[PDB]
**Student:** 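Below: one structure in C-alpha cells.
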Amino acid sequence: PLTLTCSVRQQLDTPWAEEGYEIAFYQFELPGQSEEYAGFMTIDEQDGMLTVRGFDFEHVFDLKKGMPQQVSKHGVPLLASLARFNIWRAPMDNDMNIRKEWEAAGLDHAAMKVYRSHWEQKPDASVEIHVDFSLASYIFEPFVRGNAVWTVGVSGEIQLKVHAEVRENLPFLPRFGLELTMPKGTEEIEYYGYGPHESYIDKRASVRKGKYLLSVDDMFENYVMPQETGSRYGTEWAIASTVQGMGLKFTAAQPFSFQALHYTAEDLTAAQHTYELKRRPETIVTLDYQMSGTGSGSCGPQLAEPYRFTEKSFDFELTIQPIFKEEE
Amino acid sequence: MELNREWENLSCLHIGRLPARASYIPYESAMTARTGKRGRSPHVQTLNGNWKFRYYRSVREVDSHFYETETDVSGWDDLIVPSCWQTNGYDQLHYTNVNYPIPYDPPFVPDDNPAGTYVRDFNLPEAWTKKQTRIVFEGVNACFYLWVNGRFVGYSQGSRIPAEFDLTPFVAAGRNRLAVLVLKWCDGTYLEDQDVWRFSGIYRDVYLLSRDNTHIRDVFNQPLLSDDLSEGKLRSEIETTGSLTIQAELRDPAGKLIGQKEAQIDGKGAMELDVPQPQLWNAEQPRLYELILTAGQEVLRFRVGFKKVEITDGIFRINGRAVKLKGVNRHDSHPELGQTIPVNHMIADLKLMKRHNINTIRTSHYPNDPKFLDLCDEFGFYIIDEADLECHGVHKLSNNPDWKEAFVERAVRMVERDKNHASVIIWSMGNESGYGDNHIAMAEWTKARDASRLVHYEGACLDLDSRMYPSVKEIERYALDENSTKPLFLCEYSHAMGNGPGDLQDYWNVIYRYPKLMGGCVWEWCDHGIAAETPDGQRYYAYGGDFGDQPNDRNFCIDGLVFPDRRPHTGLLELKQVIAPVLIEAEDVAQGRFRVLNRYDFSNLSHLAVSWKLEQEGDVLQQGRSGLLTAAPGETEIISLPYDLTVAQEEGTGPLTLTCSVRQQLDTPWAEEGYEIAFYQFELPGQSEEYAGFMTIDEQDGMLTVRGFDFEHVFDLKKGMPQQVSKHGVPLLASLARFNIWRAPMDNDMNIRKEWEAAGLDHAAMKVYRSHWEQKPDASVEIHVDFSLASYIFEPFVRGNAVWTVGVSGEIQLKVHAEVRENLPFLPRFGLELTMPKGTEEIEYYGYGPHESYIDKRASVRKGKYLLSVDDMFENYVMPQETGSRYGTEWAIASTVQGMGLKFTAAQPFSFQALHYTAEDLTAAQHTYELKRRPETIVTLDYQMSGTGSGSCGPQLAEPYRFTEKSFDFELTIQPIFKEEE
C-alpha cells in the first residue's frame, strides 16, 4: 500500500513565519529452513523452568506463572525480568471522576493466578505452551479470565494468542497489554506508524503516518502533573533496541498501541511533581491491545462510548522477534 | 606455532591469512541482494553478540591452554562484540599526538603488553561441511591469534583492514569453539602513530561465509568511457578458482535491462559489456548502474558508477569539467563507543555535511568501514582514501629496506578492498612528513595496479602537489608562477582549534579567481572529547590528561567543526557561506538589477529562487520573491527585483538594507522546501532651559555626587571612574568600572600567550596622576583624568587621558585618548568594563548577528535588530575561552526583563560583549563544570579586538587583523533608559 501526503505550505514571509512553513496536511491511501535448523531444537524442564535452546537462541519460560523470563539471541540477554499482563495506566487529569471507580473496584494493583499449564512439541520442532489464567486483586471477584498460547518456532519467534473475557459489572478498563522489561542500554526506538508525537483513539488529528526513529528520552512528555504519556496509537511494527541495533521487533495481526519509557506506571502514579520521578536504568516496553482515550472529562461531558474500552471478549495475536537490526 | 613472539618479528606479518580481495557478500537471489542486509543470506552467519572475555595486564600471565575445547569459561566476563574495551571498564583512556607512546626501539614493544582472550561457541549445519568455510574479521586493534576447536589456524596483524581465514580443515557439524588472543602493541604500532585516541579490541564485525568449491574469488569492475564521454564499456575482470559458467546482467538507475551475457571463466578473465549513452556519476547527481553476477548457488551484486578523473594542463578535471574540491577531514570517533560506529551515526554526519555545501570527504589517516563508502556512493561525495600508515618516526623507517614489505602491503590491502567504489577519486599513501624509499614503492604499485584514479603522497612521476598549511600569500605565489605544472591541493588547511577558523574567506577569494588551485580539506569535522561523568552528576566531555595518562597532549584533540553530540559550531556557518555555490553581486543596485553567478559544476539553478527584503534599522518595509533562476554551470544571469525607492526613502531618511537569500524549492533528503543556501546584503543610500536648575553637585572624600532632575551619579575622583549610576532611583551599576586590556586566550593563541604573560598583561592596574572637575555654563559637568595602565614590574603599558561628561538629561560621555608603549607585541583588546546588577537579562542590539563575529570571522552573520538573553550570548566550548563578542555594533541595550537598563552608542561602530563570567573566570577554568555562574552581568564595550586566526598550527594572525595601533580615540556614550517608554 502506498501513501500520498499533501502539505499546504505558504510562499512568502509573514511576520510570524518563514517561507516554507506548513499550515495543514492531508494523507491518502493508494492500493497497489528446508529442514536444516529443526535438529538443533532442545527442550528441558527443571523446577518449572522450561528452557528451549535452538540454533542461535535460548528462551526460558516460567511454567508456574505462564510468562517468559529470559530471551536470548547470540548470547545477548534481551529481557531483564519477568513479563506480565497490565490493566493499569497512570490516570490523566481528564480521569478525575473515573479514578474513584477504578480504585474502588481494586484495579490499582492486580496479580495473576495460573490454573493449568501444559507444554508440548509439535511435529515440526515447534513448542506450544497452554496457560489458563485469571487476573484478580485481593478482595473481589476476578477481573479477567482467559487462556493464552505461547509458541516458539525454529527461528526463535515468540507468538502469543490470548483469548480473554472480563467481568460483567466492571466499568471499563484503562488498558490491556503485555509489559516487558528490557535491559540497560536499550535506547533507540524505530517504528512504522503515526507520529512523530503522541496519539490516542480520540486525540490523533495532528499525527501522520511514516517511519520514525527516536530515543526513549524523547518518547516522554514531561507534564507538570506526572501522568500517562508517550503512547503511539495504530502502530504497524516497532523495534526497541540498543544504539548498535540489538533488540526486539513487535508485530501483530491488527495495529496495536505501543509505549516505551524509563518509568513504570506505578512510578508515574505515585509521583506528584516533576522532580519526584526517578529515572530507571531499564526500558519499560508496553504492547497494548486497546487503550481508553483522553476525552475532556475534567469539566463537562465524560468520555464517549466508541472511545472507551468497553469490550468483554477479544483476541490479541502478538508476535515478538529477536533482531540484530544492522543485518537483520 | 604457539607464541613464538610473531608480534616483534617483522618477518612474520601473518600466518595463514588469505590474500586480499574486493568487498562482496554471496546472496541467494537478486531480491535478497537488493536489501543489503547480509544476515538474510543463507550463506552468511554472523558472530556478533556476546562473547566470553578475560583481560590481562600482560601477555606473560595469560594461561597456556585457554584455547582448548573442554575448558571452563563460566567465571569469565561477558563482552559484546563489536566494542573497544577502553570504553567498557578496562585499561585507562589515552590520547597522544604525533609522538609514539612507546619507547622508539624498532621492532620491540614493551614487556607489559596488555592482552585479551575471547571465547565463543557456535553451531554449524550439515550442508556446510560439504563446501568451503571462511571467517572474516572486519577490524581488530593491533594483532590477534586464532584457534578453532583447540587447533591453531591463524595469526594476523593490521588494525584497520579486514582479515579472512580458511576454516575447512577445522570445523565440524554441530557445536564448535572459537578462541582469539588480542594484543595491544605489535611491531605495526610504529606504522600507526595517528593523532587519535588509542583503542583496542575487536571493534568491527565478525562473520562466517559458506562458499562452494568452485566460486568467483575476485571481481574488478572497470568503467571504460570514451574520449568524448559518449560511449561506455563495463569490463568486469573475474578471477575464479576453477571452471565456472557465469551469468551477468546490467541495469540503469531507472531499472531497465541494458545488457546480459554468459561466459565460461577458467581462473582469470573479463566480461565486457556495452552501454551506448551513459549516465555519469558526480557528487550532485549520483547515478549508479547495477551489476548482477550469478554462478552456481551464489549471486553477487555490484553498483557501478561511470566517471573519469584526470589532469590536463595542470587543471584537475572530473568528467571534462574543472572541479574545485570543497571538503573536510574525518576521523571515525563516537563519544561513547570509540571507533565503533553504527550506521545511523554515519547517516547523520552525511546529512549534516550535505546541508552545509560540502562535497568532498578525506578519510583521515586510515580507511573506514566498508559501508561508509557504500553510503558515500549514494549521497554523493568525493572520497580521498588514505592508507593506514603514519610513521611519524623521528629514525626514518621510510628509508629502511627491511620494512618495505610492511609499507607495501598496507597499500595493497587497501586498494584491493575499495577498488569498486564509484566515489573514491584519489588514492593517498598516508600522512607523510618524510620522503622515503618505501612510499615510492607504494605509489608505483598503486599506479601500476589502478590507473583510473590519481595517487597522492605528501612528501613528494607525481600527479598533484600538496601543501599542509600555507599562507594566503604562498598559494598566490604558487599560482602566478610558470614553473608550476601541477595543480595545488590544500592538504589540511585552516586548523579549527578553538573559536572557529580565522581568515577562511581569504583562501577562497584566491582559489576562485585562479586556476591551478583545486580546493582543499579543512582540518577537522568533530571534537574528540569523550563523554565523562563527574561525582556530582553534570556530565561533560573530557579531553586528554583527565585519566592519568602519559603523555598528555590535552586540547590538541578538540579542533573540530561540530560538538561531540553533533551540534554545529559557528565555524560551520562560516564555511557554509564561503563555499556556497551561488554568488550574487551588484549590477547598478539603484534600479534593482543583480548578477547571479552559478558555481555548481554540473547543475543549473532551476531549483532555487531569491527571497529579497528591504528594511530600515531591522524593520521591514517591502518584501518579495523572484520567480526562478536558470543559469548553466559557470554562467551569469541578470535578475531584477521590483522594490520601490520612492516610497521607502521618504519614511525616516536613513540607510536602507536589502537582503537577498537563496532558498531552494523542493524537498531534498537532507533539507526541506524553504531551506537557505546563501545570503547577500546590500546597502542603499537614502529642554529649553527647564531642567538645568535641578543640577546639584557635591564632593566628600573624593566622591563626586551629581544629582539632576531624575538621576543621581556618583564618580570616584581618585580612580577616575563612575561608581554609581541611577535613574528614577534604580541602581544600574553594581561596582566600579574599569579599563580592560585582557581577554581569555583562545586556542589559536597558544604562541602569543607566552609573550602576553611574559610582558605582564595578565593583570594590570590603574594609576591616576591628576583629576579635576568643573561645571560648564550650561549646567554640564566635565571631569578630566590623567591615567596610566601598568603592571607591577615593568614600564607602564598605556598612557592616556579621559574626559567624562554628564549632561542635564543624564548621559555619560567618555572621550579617552591613549598611547601605548612602543616595544609591546599587540594588545588583546582595549575597552571599558561595567558590571550591572542582578536581574539584567535581556540584550537588544542593532548590528551583525545573530551569533558571534570578529574582525576575521564574520562571513556568516548578517545585519539586523536582534533580541536575546545573556545565557544565549555564551557559546559553551569544551576548553573555556573568549566567546560571545559581536563585532560592528551600532547600538546595544542591556536591561532587565521589564526594560530598565543602559544604552551604549559610539562615534564609529564598536565591539560588544555581555556575559555572566568575567575574563579571569574564563582564563582560570579548564573544564566546563569549573565555571561558576555569577549573579551579575559583565558588559564590555571594546574599541577594537584582535581576531581569531588559525595560529594553533600554521600561519599566525594577519597584520590587518591584529590590534597593532598605538594612538587612538574612543568616543563612547552611555544612557540610562526605561525601554518600554524611552
Side-chain angles (χ1 to χ4, degrees), chain A residues 5 7-22 35-42 53-58 72-78 154-155 183-185 187-190 212-215 239 241-247 279 321-328, chain B residues 25 35-42 44-52 78-83 120-128 173-175 205 207 334 336-337 340-345 347-348 371 609 611-613 620 623-625 661 663-667 671-676:
Chain A
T5 306
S7 65
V8 178
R9 297 177 186 175
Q10 66 184 2
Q11 299 298 316
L12 297 171
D13 290 337
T14 56
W16 55 84
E18 293 292 326
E19 175 179 355
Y21 184 68
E22 183 180 359
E35 188 64 30
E36 292 293 328
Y37 301 100
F40 294 99
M41 183 67 76
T42 58
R53 292 180 291 171
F55 180 73
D56 52 355
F57 64 94
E58 184 169 1
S72 296
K73 185 73 173 179
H74 298 288
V76 176
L78 296 173
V154 297
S155 65
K184 183 177 180 179
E187 296 294 329
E188 285 186 353
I189 307 298
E190 183 177 3
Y212 299 100
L213 176 65
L214 71 160
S215 65
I239 301 170
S241 66
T242 67
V243 73
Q244 293 183 357
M246 299 178 185
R279 181 180 178 273
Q321 173 181 357
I323 195 67
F324 286 178
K325 191 171 74 175
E326 291 186 354
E327 63 265 15
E328 184 167 2
Chain B
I25 293 296
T35 61
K37 300 295 190 291
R38 69 177 185 267
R40 294 183 183 179
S41 178
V44 177
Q45 179 178 359
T46 188
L47 292 174
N48 290 325
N50 194 0
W51 303 24
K52 304 299 287 185
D78 46 355
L79 186 64
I80 299 297
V81 173
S83 64
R120 178 174 171 172
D121 291 327
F122 60 96
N123 295 116
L124 196 68
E126 182 66 31
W128 279 63
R175 187 178 179 180
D205 290 332
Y207 55 94
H334 189 76
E336 293 179 353
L337 296 174
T340 299
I341 307 299
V343 177
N344 293 319
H345 194 269
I347 297 171
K371 66 187 72 174
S611 296
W612 60 269
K613 176 173 68 177
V620 59
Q623 68 182 359
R625 192 181 73 185
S661 65
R663 297 177 186 175
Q664 66 184 2
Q665 299 298 316
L666 297 171
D667 290 337
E672 293 292 326
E673 175 179 355
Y675 184 68
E676 183 180 359

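Atom set for the values below is all heavy atoms of this structure, side chains included, hydrogens, waters and symmetry mates excluded. Below, chain A is the first sequence line, B the second, and so on; all start at residue 1.
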**Student:** With only heavy atoms counted, which part of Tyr21(A) is less than 4.5 Å from chain B, the side chain, the backbone, both or neither?
**Tutor:**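 Contact with chain B involves no heavy atom of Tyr21(A) at all.
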
**Student:** Where is the tightest heavy-atom contact between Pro125(B) and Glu36(A), given as atom of each residue plus distance?
**Tutor:**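 Closest pair (atom of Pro125(B), atom of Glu36(A), distance): CB-OE1, 4.0 Å.
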
**Student:** Return the CG to NZ distance between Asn48(B) and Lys73(A), rounded to the nearest 0.5 Å.
**Tutor:** 13.0 Å

**Student:** Output the distance between atom CD (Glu328(A)) and atom OG1 (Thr46(B)), rounded to the nearest 0.5 Å.
**Tutor:**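 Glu328(A) atom CD to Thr46(B) atom OG1 measures 13.0 Å (nearest 0.5 Å).
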
**Student:** Testing the basics here: between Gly49(B) and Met246(A), what is the closest heavy-atom pair and its distance to 0.1 Å?
**Tutor:**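 Nearest pair, atom of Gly49(B) first, then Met246(A): N-CE, 4.5 Å.
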
**Student:** First locate atom CG of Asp205(B), then atom CZ of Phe324(A), and finally report the distance between them rounded to the nearest 0.5 Å.
**Tutor:** 11.0 Å

**Student:** Flag yes if more than 12 heavy atoms outside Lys613(B) fall under 6.0 Å of its NZ atom; otherwise flag no.
**Tutor:**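 Counting neighbours around NZ of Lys613(B), 12 or fewer heavy atoms of other residues, nucleotides or ligands fall under 6.0 Å, so no.
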
**Student:** In terms of heavy-atom proximity below 4.5 Å to chain A, should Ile80(B) be classed as side chain, backbone, both, or neither?
**Tutor:**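 Looking at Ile80(B), just its side chain touches chain A.
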
**Student:** Tell me whether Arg625(B) at atom CZ has more than 12 heavy atoms from other residues, nucleotides or ligands lying less than 6.0 Å away.
**Tutor:** yes

**Student:** Under 3.5 Å, side chain of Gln244(A) to main-chain N/O of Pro82(B), donor-acceptor pair present?
**Tutor:** yes

**Student:** Regarding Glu327(A) and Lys37(B), does a basic nitrogen lie under 4.0 Å from an acidic carboxylate oxygen?
**Tutor:**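 Judged by the 4.0 Å cut-off on N to carboxylate O distance, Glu327(A) and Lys37(B) do not form a salt bridge.
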
**Student:** Check whether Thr340(B) gets within reach of chain A through its side chain, its backbone, both or neither, counting any heavy atom under 4.5 Å.
**Tutor:** side chain

**Student:** Is any NZ, NE, NH1 or NH2 atom of the basic residue among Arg663(B) and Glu18(A) found under 4.0 Å from an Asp or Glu carboxylate oxygen of the other?
**Tutor:** yes

**Student:** To the nearest 0.5 Å, how far apart are CD in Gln11(A) and OG in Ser611(B)?
**Tutor:** 9.5 Å

**Student:** So which part of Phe40(A) gets closer than 4.5 Å to some heavy atom of chain B, the side chain, the backbone, both or neither?
**Tutor:** side chain

**Student:** Decide yes or no on side-chain contact (heavy atoms from CB on, under 4.5 Å) for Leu47(B) and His74(A), but give the supporting numbers first.
**Tutor:** CA-CA 8 Å; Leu47(B) 292 174; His74(A) 298 288; over 6 Å; no

**Student:** At a heavy-atom distance under 4.5 Å, which candidate from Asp56(A), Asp13(A), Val243(A), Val76(A) has the highest pair count against chain B?
**Tutor:** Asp13(A)

**Student:** Please classify the contact between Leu337(B) and chain A as side chain, backbone, both or neither, with a heavy-atom cut-off of under 4.5 Å.
**Tutor:** side chain

**Student:** Using non-hydrogen atoms and a 4.5 Å limit, figure out which bit of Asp78(B) sits close to chain A: side chain, backbone, both or neither.
**Tutor:** neither

**Student:** Please look at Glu676(B) and chain A and tell me whether the side chain, the backbone, both or neither of the residue comes under 4.5 angstrom of a heavy atom of that chain.
**Tutor:** neither

**Student:** Sort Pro77(A) into side chain, backbone, both or neither according to what part of it lies under 4.5 angstrom from a heavy atom of chain B.
**Tutor:** side chain

